[PDB]
Structure formats: C-alpha cells, structure tokens
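Some notes on the structure that comes next.
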Amino acid sequence: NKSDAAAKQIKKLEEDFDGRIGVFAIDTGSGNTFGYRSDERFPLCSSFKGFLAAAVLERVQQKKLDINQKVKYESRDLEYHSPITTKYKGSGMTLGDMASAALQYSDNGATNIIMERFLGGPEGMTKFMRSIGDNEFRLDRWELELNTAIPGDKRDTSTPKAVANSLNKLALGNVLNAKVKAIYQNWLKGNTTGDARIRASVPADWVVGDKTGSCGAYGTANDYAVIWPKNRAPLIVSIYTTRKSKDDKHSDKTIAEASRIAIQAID
Ligand SMILES: *[B@@]1([O])OC2=C([C]=[C]C(F)=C2C([O])=O)[C]2[C][C]21
Ligand SMILES: [Cl-]
Ligand SMILES: [Cl-]
Ligand SMILES: [Cl-]
Ligand SMILES: [Cl-]
C-alpha cells in the first residue's frame, strides 16, 4: 500500500507541474524496490556522463589507458559548457581529470573528446552499457545535439530502472575493482551540479554521489544518486523528468520531491 501511495504522490506531482516523472529506487539492505513509469524512456541529457567516466575507469583498469596520460586539445573549438576544459586548453588535462570534469561539471568538451578518442563515439558508449547488461540505454548523437529531448524520440534515452540497475552495478557492484570503484565513488561524491536535486531530498549528514542532466528543452532534467545514510545499507535513486512544451523550464524542486517520495517508498 505504501507503494500505491507513493505512486499516487508521484502522479500528483507530475500533474502539478504538467509533465512526466519516472523513478526507480532500491534499498540495497532489504532489496526493496519502488518504480513509477520505470520502464518508460526519458532523455539522458548530461546524465550519461556518469557512465562515460565509468567506461574510462574500466579502460584504465584493463590497462588499455593510463589515468595520468596527458590529453591535448590546444586547437579544439570547445563546445558550449566546457567550464573546465576551457581553463586548461593551453596545457592539456590528465585522462582522469578530463573524465571527472565530464562527471562533476557536466563539461561537454571533456565529454566529446573522450568519446572521439577513447570510447568509440555514441556507439562505443552504448556498447559499454551492453557490456554491463544494460539493454535499455542508447546514445546516438554527440554533445550538444543529443539534448533535443523531442517527445516520442528514442534517440539518447534510457529507462529509470535501467539507469538505476547500471549505477548499482558500477557504483556498488562488480565491474570495477576495489581501488577503481573507490575512485568512481569519490568522483560521484564531488559532483557539483546536484545540490538542488537528490541531495536536497536527504538528511544533512548522509553522503551522496550523483550525476545530473539538464537538456534545456522540454523542461527535461534528471539525477541519479548512490546514497549512504548513517549506519545503513546504500540506496539507489534514479529520477527522470520531461515536460509538455518545448519552452518549459526544468524543475529541480520536483526532482527533489520525487526523490523524497521514492526514498520513503523503499524505507
Ligand atoms: B547536460 O545535459 O547537463 C548540464 C549542462 C550544463 C550544466 C548542468 F548543470 C548540467 C547538468 O544538470 O548536469 C549541459 C547541458 C549538458
Ligand atoms: Cl554533473
Ligand atoms: Cl531524446
Ligand atoms: Cl543530487
Ligand atoms: Cl523538470
């Protein structure tokens, strides 16, 4: 019943802001889950950048790449919203800093460079998700064209449930070795763009690692987090939204609230 009540609250919140919310959460202590439109597709937006950095980390671990190798791009025309890669244009960045800037600042130059040189483009990114058992995720386009968020368009989309599964496998489970997972965890922990989202839904001294996305169209935004409450097993929370009209603005507060409802449903 607390599951049907959660469904009722999400449905109310979605009407309130005139759009669509998808949620999936997991309590990794009990195995309790809650899903709302958890099999429907939503645009990823910048959110795939958290998986892109996990792909880099897997390559480093297979000794295919070196986390300290310098990545040079002195002549690149930097895509919009390259706040980090812009400052270091002149000197390069390590592979590790560039991957973590894609994650933590949603840096588009970081994103595109890594896809061109290390990951084999949107299809390599998709292929990496297949390699961990994610059949839902697809990436088709590059930054920034992947942000179009057109209603009914499948390109560059996933489901809340698949995103949750994937983050669980990557953040908590077995794809990354001990030393490497710690690195990815700390990357997610120092994410800077998620204070108004999942982090806002949780007590002050819970530790949160997350990655956001903001399409800038169709009021499309999202966040996924790994949550360590005090002295308790971690939670996985995945929250995706879209809005009816092209010029709608995203809703951070709706995301935080959808998180609050989700977290209650699994508790
Ligand atoms: B991505 O969708 O995400 C993004 C961008 C810029 C600033 C941000 F905070 C975020 C985000 O929410 O992660 C650019 C558009 C891409
Ligand atoms: Cl981010
Ligand atoms: Cl889309
Ligand atoms: Cl957050
Ligand atoms: Cl929104």
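Hydrogens, waters and symmetry mates are skipped; everything else that's a heavy atom, side chains included, is used. Read the numbers this way: they start at 1 and go in the same order the structure lists the ligands and their atoms. Position 1 is the first residue of the sequence, and the numbers go up from there.
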Evaluate the criterion salt bridge (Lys or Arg N to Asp or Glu O under 4.0 Å) for residue pair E257 and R260; output intermediate values, then yes/no. CA-CA 5 Å; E257 180 67 6; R260 293 181 198 88; 2.8 Å; yes
Can a donor-acceptor pair be found, under 3.5 Å and without considering hydrogens, that links the side chain of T28 to the backbone of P234? yes
What I want to check is whether the side chains of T212 and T193 have a donor and an acceptor closer together than 3.5 Å. yes
Quick check: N108 and ligand 1, any N/O pair under 3.5 Å apart? no
Mind checking whether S46 has an N or O less than 3.5 Å away from an N or O of ligand 1? yes
Below 4.0 angstrom from a heavy atom of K211, which ligand 1 atoms are there? Numbered from 1 as shown, please. 13 (O)
Counting heavy atoms under 4.0 Å, the part of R197 that contacts ligand 1 is side chain
Are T157 and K154 close enough that a side-chain donor and a side-chain acceptor fall under 3.5 Å? no
Using a plain distance cutoff, I'd like to know if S214 has any nitrogen or oxygen under 3.5 Å from a nitrogen or oxygen of ligand 1. yes
Counting from 1, what ligand 1 atoms have a heavy atom of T193 closer than 4.0 Å? 9 (F), 13 (O)
Protein heavy atom at shortest distance from atom 4 (C) of ligand 1: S106 OG, 3.0 Å
Which bit of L144 is near ligand 1, meaning a heavy atom under 4.0 Å away: side chain, backbone, both or neither? neither
Have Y224 and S166 got a donor and an acceptor in their side chains that come within less than 3.5 Å? no
Just which atoms of ligand 1 are under 4.0 Å from any heavy atom in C45? 2 (O)
Ligand 1-proximal atoms of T212, by part, heavy-atom distance under 4.0 Å: both
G213 near ligand 1 by a heavy-atom separation under 4.0 Å: yes
Do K211 and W187 meet the cation-pi criteria used here (NZ or CZ under 6.0 Å from the six-membered ring centre, within 45° of the axis)? no
No-hydrogen, no-angle side-chain donor-acceptor test under 3.5 Å, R141 and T148: yes
Numbered in order shown, the ligand 1 atoms found under 4.0 Å of a heavy atom of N147 are 2 (O)
List the steps and the verdict of side chain to side chain contact (heavy atoms under 4.5 Å, CB included) for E143 and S46. CA-CA 9 Å; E143 290 292 347; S46 290; 4.2 Å; yes
